[PDB]
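The file work-v3.txt comes next; it holds compact mmCIF, C-alpha atoms.
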# COMPACT_ATOMS: atom_id res chain seq x y z
CA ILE W 20 153.12 130.75 85.31
CA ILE W 21 150.40 130.62 87.99
CA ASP W 22 151.61 130.78 91.58
CA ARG W 23 148.53 130.48 93.79
CA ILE W 24 144.87 131.29 94.32
CA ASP W 25 144.47 134.88 95.57
CA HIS W 26 140.75 134.90 96.22
CA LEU W 27 137.39 133.65 95.04
CA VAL W 28 133.80 134.83 95.14
CA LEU W 29 130.99 133.13 97.01
CA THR W 30 127.44 134.07 96.06
CA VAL W 31 125.24 133.91 99.15
CA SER W 32 121.63 134.47 100.18
CA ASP W 33 122.53 136.65 103.18
CA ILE W 34 125.95 138.24 103.64
CA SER W 35 125.34 138.96 107.35
CA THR W 36 124.64 135.28 108.06
CA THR W 37 127.64 134.17 106.00
CA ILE W 38 129.95 136.60 107.79
CA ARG W 39 128.84 135.40 111.22
CA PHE W 40 129.59 131.79 110.27
CA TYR W 41 133.06 132.38 108.83
CA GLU W 42 134.10 134.71 111.63
CA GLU W 43 132.75 132.65 114.56
CA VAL W 44 133.56 129.18 113.24
CA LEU W 45 136.55 129.49 110.88
CA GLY W 46 138.01 132.56 112.56
CA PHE W 47 138.08 134.69 109.41
CA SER W 48 137.93 138.50 109.57
CA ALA W 49 135.33 140.50 107.64
CA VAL W 50 136.25 143.76 105.90
CA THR W 51 134.66 146.26 103.54
CA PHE W 52 136.46 147.22 100.33
CA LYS W 53 135.46 149.33 97.33
CA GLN W 54 133.33 151.36 99.76
CA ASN W 55 130.52 148.83 100.24
CA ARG W 56 131.69 145.32 99.33
CA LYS W 57 132.36 142.54 101.82
CA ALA W 58 135.25 140.10 102.04
CA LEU W 59 136.56 137.57 104.53
CA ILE W 60 140.29 137.76 105.17
CA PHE W 61 142.35 134.71 106.16
CA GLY W 62 146.05 133.99 105.81
CA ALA W 63 147.22 135.95 102.77
CA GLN W 64 144.06 135.26 100.79
CA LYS W 65 140.41 136.28 100.91
CA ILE W 66 136.88 135.33 99.94
CA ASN W 67 134.82 138.09 98.36
CA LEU W 68 131.10 137.92 98.98
CA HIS W 69 128.25 138.66 96.57
CA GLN W 70 124.70 138.65 97.88
CA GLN W 71 121.94 137.42 95.60
CA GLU W 72 120.13 140.26 93.80
CA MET W 73 123.24 142.44 94.06
CA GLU W 74 126.05 140.43 92.50
CA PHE W 75 128.85 142.58 91.06
CA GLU W 76 130.04 142.08 87.46
CA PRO W 77 131.72 140.30 85.87
CA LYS W 78 130.76 137.13 87.76
CA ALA W 79 130.40 133.36 87.32
CA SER W 80 128.19 132.27 84.42
CA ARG W 81 125.83 130.59 86.90
CA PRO W 82 126.21 132.25 90.36
CA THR W 83 124.82 129.69 92.78
CA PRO W 84 124.63 129.66 96.59
CA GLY W 85 125.85 126.32 97.95
CA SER W 86 127.89 125.42 94.85
CA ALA W 87 131.30 125.76 96.50
CA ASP W 88 133.45 122.85 97.70
CA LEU W 89 136.55 124.27 99.41
CA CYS W 90 139.39 122.91 101.51
CA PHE W 91 141.18 125.04 104.09
CA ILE W 92 144.40 124.03 105.82
CA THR W 93 144.58 124.53 109.57
CA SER W 94 147.64 124.58 111.83
CA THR W 95 145.42 123.63 114.78
CA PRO W 96 145.52 119.92 115.73
CA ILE W 97 142.68 118.38 113.71
CA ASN W 98 141.15 116.65 116.76
CA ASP W 99 141.01 119.99 118.58
CA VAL W 100 139.24 121.39 115.51
CA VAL W 101 136.74 118.52 115.62
CA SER W 102 135.99 119.40 119.24
CA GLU W 103 135.73 123.11 118.39
CA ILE W 104 133.15 122.36 115.68
CA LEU W 105 130.96 120.22 117.93
CA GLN W 106 131.11 122.77 120.74
CA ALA W 107 129.89 125.38 118.26
CA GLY W 108 126.84 123.22 117.59
CA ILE W 109 127.92 122.54 114.02
CA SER W 110 127.09 119.19 112.44
CA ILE W 111 129.99 117.15 111.08
CA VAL W 112 129.16 115.93 107.58
CA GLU W 113 132.03 113.45 107.56
CA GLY W 114 135.39 112.87 109.21
CA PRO W 115 137.93 113.00 110.52
CA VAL W 116 139.08 111.02 107.48
CA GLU W 117 142.29 110.76 105.48
CA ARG W 118 142.28 112.56 102.13
CA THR W 119 144.77 113.59 99.47
CA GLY W 120 146.02 117.15 99.78
CA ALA W 121 147.70 119.17 97.05
CA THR W 122 151.14 118.26 98.44
CA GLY W 123 150.49 115.18 100.55
CA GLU W 124 148.11 113.35 102.86
CA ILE W 125 145.74 115.34 105.07
CA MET W 126 143.18 114.54 107.78
CA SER W 127 139.89 116.22 106.89
CA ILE W 128 136.70 117.18 108.68
CA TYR W 129 133.70 118.36 106.63
CA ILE W 130 131.00 120.86 107.56
CA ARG W 131 128.63 123.11 105.62
CA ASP W 132 128.23 126.85 105.65
CA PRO W 133 124.84 128.65 105.80
CA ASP W 134 124.26 128.23 102.06
CA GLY W 135 125.23 124.58 101.87
CA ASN W 136 128.76 125.04 100.54
CA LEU W 137 130.96 122.11 101.54
CA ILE W 138 133.85 123.19 103.74
CA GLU W 139 136.72 120.75 104.24
CA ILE W 140 139.01 121.75 107.12
CA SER W 141 142.28 119.81 107.03
CA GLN W 142 145.66 119.37 108.68
CA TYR W 143 148.65 117.90 106.86
CA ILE A 20 143.66 128.90 112.80
CA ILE A 21 143.20 128.63 109.02
CA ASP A 22 146.37 129.16 106.99
CA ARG A 23 145.34 128.87 103.35
CA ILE A 24 143.16 127.17 100.75
CA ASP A 25 144.61 123.79 99.78
CA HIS A 26 142.21 122.91 97.00
CA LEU A 27 138.63 123.16 95.77
CA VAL A 28 136.34 121.13 93.55
CA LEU A 29 135.02 122.16 90.16
CA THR A 30 132.02 120.28 88.78
CA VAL A 31 132.34 120.21 85.01
CA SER A 32 130.56 119.00 81.89
CA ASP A 33 133.65 117.32 80.41
CA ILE A 34 136.90 116.66 82.30
CA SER A 35 138.97 116.35 79.12
CA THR A 36 137.82 119.73 77.77
CA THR A 37 138.47 121.30 81.17
CA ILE A 38 141.97 119.80 81.48
CA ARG A 39 142.98 121.01 78.02
CA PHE A 40 141.89 124.56 78.88
CA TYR A 41 143.76 124.74 82.17
CA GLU A 42 146.86 123.02 80.81
CA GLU A 43 147.13 124.88 77.49
CA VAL A 44 146.07 128.29 78.81
CA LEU A 45 146.90 128.54 82.51
CA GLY A 46 149.79 126.10 82.39
CA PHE A 47 148.35 123.82 85.07
CA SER A 48 149.39 120.17 85.09
CA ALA A 49 146.81 117.39 85.21
CA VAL A 50 147.30 114.39 87.47
CA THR A 51 145.46 111.19 88.34
CA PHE A 52 145.14 109.77 91.85
CA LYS A 53 143.27 106.95 93.58
CA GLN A 54 139.97 106.01 91.94
CA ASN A 55 140.92 107.39 88.52
CA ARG A 56 140.42 110.81 90.14
CA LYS A 57 141.58 113.84 88.17
CA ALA A 58 143.04 117.11 89.42
CA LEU A 59 144.92 120.14 88.12
CA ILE A 60 148.01 121.21 90.02
CA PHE A 61 149.81 124.56 90.25
CA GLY A 62 152.09 126.04 92.90
CA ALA A 63 151.36 124.22 96.16
CA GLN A 64 147.61 123.89 95.52
CA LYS A 65 145.23 122.00 93.24
CA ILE A 66 141.76 121.89 91.72
CA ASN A 67 139.90 118.59 91.89
CA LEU A 68 137.56 117.82 89.00
CA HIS A 69 134.16 116.13 89.24
CA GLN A 70 132.27 115.38 86.03
CA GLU A 76 130.51 112.45 98.00
CA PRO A 77 130.48 114.46 100.14
CA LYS A 78 130.09 117.45 97.82
CA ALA A 79 128.55 120.91 97.50
CA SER A 80 124.81 121.06 98.25
CA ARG A 81 124.33 122.34 94.70
CA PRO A 82 127.13 121.09 92.39
CA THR A 83 126.92 123.48 89.46
CA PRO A 84 129.09 123.79 86.33
CA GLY A 85 130.05 127.41 85.67
CA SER A 86 129.41 128.55 89.25
CA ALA A 87 133.04 129.26 90.11
CA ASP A 88 134.56 132.76 90.30
CA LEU A 89 138.30 132.39 90.94
CA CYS A 90 141.42 134.54 90.99
CA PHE A 91 144.94 133.22 90.38
CA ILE A 92 148.17 135.16 90.83
CA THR A 93 150.76 135.03 88.05
CA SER A 94 154.41 136.07 88.15
CA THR A 95 154.32 136.54 84.37
CA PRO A 96 154.13 140.20 83.27
CA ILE A 97 150.38 140.81 83.06
CA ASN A 98 150.61 142.35 79.58
CA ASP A 99 152.41 139.26 78.31
CA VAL A 100 149.55 137.22 79.80
CA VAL A 101 147.00 139.31 77.91
CA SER A 102 148.86 138.53 74.69
CA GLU A 103 149.09 134.80 75.48
CA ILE A 104 145.34 134.73 76.05
CA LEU A 105 144.59 136.47 72.78
CA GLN A 106 146.94 134.20 70.83
CA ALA A 107 145.13 131.19 72.31
CA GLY A 108 141.91 132.47 70.76
CA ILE A 109 140.32 133.09 74.14
CA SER A 110 137.90 135.97 74.61
CA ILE A 111 138.79 138.58 77.22
CA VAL A 112 135.76 139.36 79.37
CA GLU A 113 137.32 142.42 81.01
CA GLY A 114 140.75 143.89 81.66
CA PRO A 115 143.53 144.50 82.13
CA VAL A 116 142.02 146.45 85.03
CA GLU A 117 143.05 147.48 88.53
CA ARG A 118 141.36 145.47 91.26
CA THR A 119 141.81 144.73 94.94
CA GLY A 120 143.84 141.63 95.71
CA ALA A 121 143.90 139.78 99.02
CA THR A 122 146.93 141.80 100.13
CA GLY A 123 147.05 144.85 97.87
CA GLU A 124 146.36 146.23 94.41
CA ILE A 125 146.53 143.86 91.44
CA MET A 126 146.05 144.20 87.68
CA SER A 127 143.48 141.65 86.53
CA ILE A 128 142.41 140.08 83.26
CA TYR A 129 139.17 138.09 83.12
CA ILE A 130 138.33 135.07 80.96
CA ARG A 131 136.01 132.08 81.22
CA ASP A 132 136.74 128.37 81.20
CA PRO A 133 134.78 125.79 79.15
CA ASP A 134 131.97 125.70 81.69
CA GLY A 135 131.58 129.44 82.05
CA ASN A 136 133.49 129.76 85.32
CA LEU A 137 134.94 133.26 85.72
CA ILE A 138 138.73 133.17 85.85
CA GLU A 139 140.62 136.25 87.03
CA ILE A 140 144.36 136.12 86.30
CA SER A 141 146.24 138.83 88.15
CA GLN A 142 149.64 140.25 88.95
CA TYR A 143 150.45 142.26 92.05

Once you've parsed the file, please lay out its structure as structure tokens.
Amino acid sequence: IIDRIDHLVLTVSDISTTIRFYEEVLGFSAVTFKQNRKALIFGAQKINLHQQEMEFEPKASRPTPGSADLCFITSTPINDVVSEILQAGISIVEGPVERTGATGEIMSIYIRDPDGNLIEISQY
Amino acid sequence: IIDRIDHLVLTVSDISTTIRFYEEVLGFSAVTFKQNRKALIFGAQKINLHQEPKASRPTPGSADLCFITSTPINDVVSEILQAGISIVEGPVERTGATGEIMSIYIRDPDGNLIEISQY
């Protein structure tokens, strides 16, 4: 019986650049575990980071920057989030638009991180 | 304020092969919605399957995911072996999002790395 996703690994070109984006835009918090590895903490989950040329094993069969397509749920009014994104100088790929969430309908806004990963920020 | 991951999209070579793996091994349940869209559900989250908009570089086998199980991890190891699935690594202690976990690693049909763990 699987309960939830605990974490996932993003392979990126530059960890510093990735960290700045997730902290400043999404509000995540960067930490260092296993002495020298980086992760981004949010809620009760996390995203571990692997930089190209120094990806820890085992890893995906085809580690690829910009191959992620993730949806994050926000408790912030989605229109306020839209405004926050524009004020941060981030381009809106699409949205706000209605989508199907895991447990119901959500309003989603899409942006991209430094590596091209698609980030869907949504409110139920 | 971001609360959690709701879902993510996996780009795969064959939806049917992918669904069978996640249903038979991980116990996920496949569903259809809207334009004959397919997804795998578990807990209060889901994984959408693509065989726009999307990732800048949709790539099969590029996922590295960790799922939490409430099933005794050693029983999970046995289930995996009985299913004829190769164990990449584990059981081994690893760092979870909120503490130590015991993890077992396997791969799905596309080569995605799947970490199944218990706190």

Could you work out which residues of chain A fall inside 7 Å of chain W? Count only C-alpha atoms, and format the result as a tab-separated table (two decimals) with C-alpha atoms, keeping the file's coordinate frame.
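The resulting selection-v8.tsv:
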chain	number	residue	atom	x	y	z
A	20	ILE	CA	143.66	128.90	112.80
A	21	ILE	CA	143.20	128.63	109.02
A	22	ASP	CA	146.37	129.16	106.99
A	23	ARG	CA	145.34	128.87	103.35
A	24	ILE	CA	143.16	127.17	100.75
A	25	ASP	CA	144.61	123.79	99.78
A	26	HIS	CA	142.21	122.91	97.00
A	27	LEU	CA	138.63	123.16	95.77
A	28	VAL	CA	136.34	121.13	93.55
A	45	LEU	CA	146.90	128.54	82.51
A	46	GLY	CA	149.79	126.10	82.39
A	61	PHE	CA	149.81	124.56	90.25
A	62	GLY	CA	152.09	126.04	92.90
A	63	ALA	CA	151.36	124.22	96.16
A	64	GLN	CA	147.61	123.89	95.52
A	65	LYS	CA	145.23	122.00	93.24
A	78	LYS	CA	130.09	117.45	97.82
A	79	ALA	CA	128.55	120.91	97.50
A	80	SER	CA	124.81	121.06	98.25
A	81	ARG	CA	124.33	122.34	94.70
A	82	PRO	CA	127.13	121.09	92.39
A	83	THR	CA	126.92	123.48	89.46
A	85	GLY	CA	130.05	127.41	85.67
A	86	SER	CA	129.41	128.55	89.25
A	87	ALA	CA	133.04	129.26	90.11
A	88	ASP	CA	134.56	132.76	90.30
A	89	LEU	CA	138.30	132.39	90.94
A	90	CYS	CA	141.42	134.54	90.99
A	91	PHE	CA	144.94	133.22	90.38
A	92	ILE	CA	148.17	135.16	90.83
A	93	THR	CA	150.76	135.03	88.05
A	94	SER	CA	154.41	136.07	88.15
A	95	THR	CA	154.32	136.54	84.37
A	120	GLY	CA	143.84	141.63	95.71
A	121	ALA	CA	143.90	139.78	99.02
A	122	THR	CA	146.93	141.80	100.13
A	135	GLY	CA	131.58	129.44	82.05
A	136	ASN	CA	133.49	129.76	85.32
A	137	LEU	CA	134.94	133.26	85.72

Mind giving me the axis-aligned box for region 116-134 of chain A with 3 Å on every side, centre plus edges in Å to one decimal, as lines of an AutoDock Vina configuration file?
center_x = 139.5
center_y = 136.6
center_z = 89.6
size_x = 21.1
size_y = 27.8
size_z = 27.0

Spatial neighbours of residue 127 (chain A), 8 Å, all atoms listed in the file, chain gap at least 5 places, as a VMD selection string: chain A and resid 97 114 to 118 139 to 142

Shell of 10 Å around residue 133 (chain A), only C-alpha atoms, local chain residues under 5 positions omitted, as a ChimeraX atom specification: /A:31-34,36-41,84-85

Print the selection's residues with C-alpha atoms to a file, as a compact mmCIF listing (two decimals), in the coordinates of the input.
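What follows is the written file part.txt:
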# COMPACT_ATOMS: atom_id res chain seq x y z
CA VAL A 31 132.34 120.21 85.01
CA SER A 32 130.56 119.00 81.89
CA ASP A 33 133.65 117.32 80.41
CA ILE A 34 136.90 116.66 82.30
CA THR A 36 137.82 119.73 77.77
CA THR A 37 138.47 121.30 81.17
CA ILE A 38 141.97 119.80 81.48
CA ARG A 39 142.98 121.01 78.02
CA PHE A 40 141.89 124.56 78.88
CA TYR A 41 143.76 124.74 82.17
CA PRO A 84 129.09 123.79 86.33
CA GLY A 85 130.05 127.41 85.67

Gap from CA of residue 106 (chain A) to CA of residue 68 (chain A) - Å, one decimal: 26.2 Å

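Between CA of residue 101 (chain W) and CA of residue 36 (chain W) there is a distance of 22.0 Å.
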
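A straight line drawn from CA of residue 119 (chain A) to CA of residue 44 (chain W) is 25.4 Å long.
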
Long-range neighbours of residue 130 (chain A) as a list in words, 6 Å cut-off, all atoms listed in the file, 5 positions minimum in chain: residues 111, 112 and 138 of chain A

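Checking W:97, W:31, W:38, W:50 one by one against residue 125 (chain W), counting all atoms listed in the file, you find the shortest gap at W:97.
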
Of the listed residues A:55, A:102, A:30, A:110, that which approaches residue 134 (chain A) most closely, counting only C-alpha atoms: A:30

Output file: region 76-98 of chain A, N, CA, C and O atoms, as a PDB file, in the first residue's frame:
ATOM      1  N   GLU A  76       0.042  19.350 -24.149  1.00  0.00           N
ATOM      2  CA  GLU A  76       0.598  20.695 -24.045  1.00  0.00           C
ATOM      3  C   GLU A  76      -0.223  21.529 -23.061  1.00  0.00           C
ATOM      4  O   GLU A  76      -1.452  21.462 -23.055  1.00  0.00           O
ATOM      5  N   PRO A  77       0.447  22.322 -22.205  1.00  0.00           N
ATOM      6  CA  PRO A  77       1.902  22.474 -22.110  1.00  0.00           C
ATOM      7  C   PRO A  77       2.536  21.238 -21.478  1.00  0.00           C
ATOM      8  O   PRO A  77       1.842  20.422 -20.879  1.00  0.00           O
ATOM      9  N   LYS A  78       3.850  21.103 -21.627  1.00  0.00           N
ATOM     10  CA  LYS A  78       4.575  19.966 -21.064  1.00  0.00           C
ATOM     11  C   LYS A  78       6.018  20.347 -20.759  1.00  0.00           C
ATOM     12  O   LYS A  78       6.431  21.488 -20.980  1.00  0.00           O
ATOM     13  N   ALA A  79       6.781  19.388 -20.244  1.00  0.00           N
ATOM     14  CA  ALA A  79       8.187  19.618 -19.923  1.00  0.00           C
ATOM     15  C   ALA A  79       8.921  20.059 -21.186  1.00  0.00           C
ATOM     16  O   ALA A  79       8.548  19.665 -22.294  1.00  0.00           O
ATOM     17  N   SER A  80       9.967  20.866 -21.026  1.00  0.00           N
ATOM     18  CA  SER A  80      10.734  21.327 -22.182  1.00  0.00           C
ATOM     19  C   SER A  80      11.377  20.149 -22.899  1.00  0.00           C
ATOM     20  O   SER A  80      11.587  20.192 -24.115  1.00  0.00           O
ATOM     21  N   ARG A  81      11.691  19.097 -22.143  1.00  0.00           N
ATOM     22  CA  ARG A  81      12.318  17.904 -22.699  1.00  0.00           C
ATOM     23  C   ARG A  81      11.640  16.626 -22.185  1.00  0.00           C
ATOM     24  O   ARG A  81      12.182  15.924 -21.336  1.00  0.00           O
ATOM     25  N   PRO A  82      10.436  16.318 -22.695  1.00  0.00           N
ATOM     26  CA  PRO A  82       9.712  15.113 -22.267  1.00  0.00           C
ATOM     27  C   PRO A  82      10.618  13.922 -22.557  1.00  0.00           C
ATOM     28  O   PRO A  82      11.002  13.691 -23.706  1.00  0.00           O
ATOM     29  N   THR A  83      10.956  13.168 -21.521  1.00  0.00           N
ATOM     30  CA  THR A  83      11.877  12.053 -21.682  1.00  0.00           C
ATOM     31  C   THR A  83      11.513  10.797 -20.897  1.00  0.00           C
ATOM     32  O   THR A  83      11.460  10.825 -19.670  1.00  0.00           O
ATOM     33  N   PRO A  84      11.262   9.679 -21.594  1.00  0.00           N
ATOM     34  CA  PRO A  84      10.923   8.443 -20.888  1.00  0.00           C
ATOM     35  C   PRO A  84      12.139   7.999 -20.073  1.00  0.00           C
ATOM     36  O   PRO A  84      13.274   8.092 -20.546  1.00  0.00           O
ATOM     37  N   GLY A  85      11.907   7.537 -18.848  1.00  0.00           N
ATOM     38  CA  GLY A  85      12.998   7.070 -18.012  1.00  0.00           C
ATOM     39  C   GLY A  85      13.797   8.145 -17.293  1.00  0.00           C
ATOM     40  O   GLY A  85      14.865   7.860 -16.736  1.00  0.00           O
ATOM     41  N   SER A  86      13.278   9.371 -17.292  1.00  0.00           N
ATOM     42  CA  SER A  86      13.954  10.503 -16.657  1.00  0.00           C
ATOM     43  C   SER A  86      13.447  10.810 -15.249  1.00  0.00           C
ATOM     44  O   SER A  86      13.901  11.769 -14.617  1.00  0.00           O
ATOM     45  N   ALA A  87      12.511  10.008 -14.758  1.00  0.00           N
ATOM     46  CA  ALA A  87      11.964  10.237 -13.429  1.00  0.00           C
ATOM     47  C   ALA A  87      12.728   9.469 -12.354  1.00  0.00           C
ATOM     48  O   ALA A  87      13.213   8.362 -12.586  1.00  0.00           O
ATOM     49  N   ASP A  88      12.806  10.080 -11.176  1.00  0.00           N
ATOM     50  CA  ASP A  88      13.497   9.535 -10.007  1.00  0.00           C
ATOM     51  C   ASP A  88      12.546   9.894  -8.866  1.00  0.00           C
ATOM     52  O   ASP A  88      12.592  11.013  -8.340  1.00  0.00           O
ATOM     53  N   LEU A  89      11.696   8.941  -8.489  1.00  0.00           N
ATOM     54  CA  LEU A  89      10.656   9.173  -7.487  1.00  0.00           C
ATOM     55  C   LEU A  89      10.694   8.295  -6.252  1.00  0.00           C
ATOM     56  O   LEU A  89      11.114   7.143  -6.312  1.00  0.00           O
ATOM     57  N   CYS A  90      10.221   8.842  -5.137  1.00  0.00           N
ATOM     58  CA  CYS A  90      10.147   8.079  -3.895  1.00  0.00           C
ATOM     59  C   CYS A  90       8.728   8.088  -3.334  1.00  0.00           C
ATOM     60  O   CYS A  90       8.131   9.150  -3.133  1.00  0.00           O
ATOM     61  N   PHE A  91       8.204   6.894  -3.075  1.00  0.00           N
ATOM     62  CA  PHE A  91       6.865   6.722  -2.522  1.00  0.00           C
ATOM     63  C   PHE A  91       6.971   6.105  -1.134  1.00  0.00           C
ATOM     64  O   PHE A  91       7.806   5.228  -0.902  1.00  0.00           O
ATOM     65  N   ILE A  92       6.107   6.548  -0.230  1.00  0.00           N
ATOM     66  CA  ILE A  92       6.076   6.008   1.122  1.00  0.00           C
ATOM     67  C   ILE A  92       5.027   4.900   1.222  1.00  0.00           C
ATOM     68  O   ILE A  92       3.893   5.051   0.755  1.00  0.00           O
ATOM     69  N   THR A  93       5.412   3.787   1.833  1.00  0.00           N
ATOM     70  CA  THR A  93       4.493   2.674   2.011  1.00  0.00           C
ATOM     71  C   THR A  93       4.292   2.451   3.504  1.00  0.00           C
ATOM     72  O   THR A  93       5.165   2.765   4.311  1.00  0.00           O
ATOM     73  N   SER A  94       3.126   1.926   3.861  1.00  0.00           N
ATOM     74  CA  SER A  94       2.804   1.633   5.249  1.00  0.00           C
ATOM     75  C   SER A  94       3.012   0.136   5.463  1.00  0.00           C
ATOM     76  O   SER A  94       2.908  -0.370   6.581  1.00  0.00           O
ATOM     77  N   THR A  95       3.304  -0.561   4.371  1.00  0.00           N
ATOM     78  CA  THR A  95       3.541  -2.002   4.407  1.00  0.00           C
ATOM     79  C   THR A  95       4.946  -2.237   4.956  1.00  0.00           C
ATOM     80  O   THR A  95       5.881  -1.512   4.607  1.00  0.00           O
ATOM     81  N   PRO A  96       5.115  -3.233   5.842  1.00  0.00           N
ATOM     82  CA  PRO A  96       6.454  -3.490   6.383  1.00  0.00           C
ATOM     83  C   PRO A  96       7.432  -3.607   5.215  1.00  0.00           C
ATOM     84  O   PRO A  96       7.237  -4.423   4.312  1.00  0.00           O
ATOM     85  N   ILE A  97       8.476  -2.784   5.232  1.00  0.00           N
ATOM     86  CA  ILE A  97       9.446  -2.756   4.141  1.00  0.00           C
ATOM     87  C   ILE A  97      10.005  -4.119   3.729  1.00  0.00           C
ATOM     88  O   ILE A  97      10.259  -4.345   2.547  1.00  0.00           O
ATOM     89  N   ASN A  98      10.198  -5.029   4.678  1.00  0.00           N
ATOM     90  CA  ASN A  98      10.725  -6.339   4.310  1.00  0.00           C
ATOM     91  C   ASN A  98       9.688  -7.155   3.553  1.00  0.00           C
ATOM     92  O   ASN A  98      10.040  -7.994   2.722  1.00  0.00           O
TER      93      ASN A  98
END
